[PDB]
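Protein chains in written order, with this note's numbering: chain A, 2 to 82; chain B, 2 to 82; chain C, 2 to 82.
In this text, a Cβ means the ideal position worked out from N, Cα and C, and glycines have one as well.
Working notes for the structure below.
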Amino acid sequence: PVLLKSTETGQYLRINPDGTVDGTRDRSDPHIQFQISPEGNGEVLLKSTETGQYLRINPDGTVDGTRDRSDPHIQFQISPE
Amino acid sequence: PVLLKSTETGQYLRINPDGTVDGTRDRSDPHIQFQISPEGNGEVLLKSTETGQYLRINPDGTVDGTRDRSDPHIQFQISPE
Amino acid sequence: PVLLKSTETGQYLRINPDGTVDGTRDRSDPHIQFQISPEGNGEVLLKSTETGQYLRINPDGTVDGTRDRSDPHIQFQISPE
Numbered sequence: 002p003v004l005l006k007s008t009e010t011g012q013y014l015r016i017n018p019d020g021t022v023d024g025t026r027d028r029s030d031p032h033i034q035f036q037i038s039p040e041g042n043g044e045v046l047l048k049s050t051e052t053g054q055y056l057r058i059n060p061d062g063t064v065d066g067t068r069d070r071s072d073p074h075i076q077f078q079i080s081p082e
Numbered sequence: 002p003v004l005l006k007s008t009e010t011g012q013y014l015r016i017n018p019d020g021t022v023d024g025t026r027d028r029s030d031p032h033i034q035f036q037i038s039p040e041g042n043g044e045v046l047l048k049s050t051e052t053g054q055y056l057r058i059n060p061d062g063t064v065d066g067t068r069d070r071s072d073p074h075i076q077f078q079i080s081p082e
Numbered sequence: 002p003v004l005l006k007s008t009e010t011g012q013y014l015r016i017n018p019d020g021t022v023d024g025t026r027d028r029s030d031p032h033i034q035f036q037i038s039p040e041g042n043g044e045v046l047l048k049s050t051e052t053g054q055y056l057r058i059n060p061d062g063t064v065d066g067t068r069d070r071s072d073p074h075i076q077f078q079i080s081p082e
C-alpha cells in the first residue's frame with residue numbers, strides 16, 4: 002500500500018468514489034491509498050485500495066478512473082529520475 | 002518553444018518566478034515528478050504507456066496528462082521568430 | 002538581434018553591466034537584447050548587444066556573463082519543442 006505524492010506542491014494523488022481524480026494535502030484520507038500491480042512486461046497498474054478503480058489517462062489528456070480491468074490506458078511505466 | 006543547454010556542463014538555462022536565473026540538469030517539470038512512499042529516496046515519473054502521456058498535479062489541485070516532459074521554466078521563445 | 006523570453010513567467014533574459022544575470026518583465030530595457038552567433042558546428046553563442054558579454058553557466062549551476070571569447074561555458078545548443 003503506497004502513497005503517490007507530488008513533492009513540488011506537497012499534494013497527494015486521490016481517486017474519489019465518483020471516479021474523479023484530484024490532488025489533496027490531506028494525508029488522513031483513505032482515498033489517497035494506492036497499490037502498484039505488476040504486468041509481467043515491466044509495466045504496472047495504479048489502483049485505489051478503497052474505491053477499487055484503476056487509474057487511466059484519457060487520450061484528450063483528461064484523467065479519471067474506471068474499474069474496468071481491461072483497458073490499456075491504466076498501463077503505466079515508472080521512470081526513475 | 003526552444004531549450005537552451007550549455008553543451009559544456011549539459012545544464013539547461015532556467016528563469017525562476019523571483020526573477021533569479023540559474024542552470025540545471027533537471028529537464029523535467031516538477032509537477033510531473035512523484036515520490037512513492039513508504040520507500041523514500043528517488044524521484045519517479047508516471048507515463049501512460051498507451052497515450053505516452055505523463056501524470057501531472059497542478060498547484061490548484063487539478064490533475065491531467067501531458068506529453069510536455071520538460072519544465073516550463075526552461076522553455077524560451079526567440080523573438081522575432 | 003533577438004529577445005529571449007521565458008514564456009512561462011513572461012520574463013526576458015538580461016545581462017547587467019556588472020556581469021550579473023536575471024530576468025525582467027521590462028521590455029524597454031536594452032540589456033535584454035542578444036545576438037545568436039553560429040559556432041561552425043550547430044552550436045551558437047549568446048551575446049548581449051549592449052554590455053557585449055557572453056552568457057555562461059558556471060559548473061556550480063550559477064549564471065553570469067564574461068566577455069572572454071574563449072570559454073566553453075558560453076557554448077550553447079538550441080533544441081526546439
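In the structure shown, the three-state DSSP call for C/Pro-60 is coil. Between C/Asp-69 and C/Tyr-55, the gap from beta carbon to beta carbon is short of 8 Å.
With its beta carbon less than 8 Å from one in chain B, A/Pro-60 belongs to the interface. Under the 8 Å criterion on CB atoms, A/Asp-27 is classed as non-interfacial with respect to chain B. Between C/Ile-79 and B/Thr-10, the CB-CB gap reaches or exceeds 8 Å.
Judged by beta-carbon spacing, C/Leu-4 lies beyond the 8 Å limit of C/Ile-37, meaning their Cβ atoms are not closer than that value.
Straight-line spacing of the CA atoms in A/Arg-15 and A/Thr-25 works out to 7 Å. For C/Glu-44, the residues of chain B that pass the 9 Å Cβ criterion are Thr-8, in the order they occur in the chain. If you look at A/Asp-23, you'll find it in the beta strand (DSSP E) that goes 22-25.
Excluding sequence positions up to five before and after C/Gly-20, its CB lies within less than 7 Å of the CB of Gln-54, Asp-65, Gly-66, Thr-67, all in the same chain and listed in chain order.
Under the 8 Å criterion on CB atoms, C/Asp-23 is classed as interfacial with respect to chain B. Straight across, the Cα-Cα distance linking B/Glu-44 with A/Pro-81 is about 6 Å. Comparing alpha carbon positions, the residue from C/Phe-77, C/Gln-12, C/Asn-17 closest to C/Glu-51 is C/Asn-17.
Judged by DSSP secondary structure, B/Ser-38 falls within the beta strand (DSSP E) whose first and last residues are 36-38. Per DSSP, A/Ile-33 lies in no beta strand (DSSP E) and is assigned neither H nor E. Collapsing the DSSP output to three states places C/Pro-73 in a helix. Linking B/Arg-28 to B/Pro-39 through their CA atoms gives a straight-line distance of about 26 Å. Approximately 7 Å separates the beta-carbon atoms of B/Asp-30 and B/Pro-73; this is inside 8 Å, confirming the contact. Short of 7 Å from the beta carbon of A/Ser-7, and not among the five residues preceding or following it, lie these beta carbons of its own chain, in chain order: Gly-24. Looking only at B/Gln-12, B/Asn-42, B/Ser-49, the smallest Cα-Cα distance to A/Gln-76 is reached by B/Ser-49. Contact of C/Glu-51 with chain B is not assigned, every C-beta pair being separated by 8 Å or more. What A/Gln-76 touches in chain B, judged by beta-carbon distance under 9 Å, is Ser-49, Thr-50, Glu-51, going in chain order.
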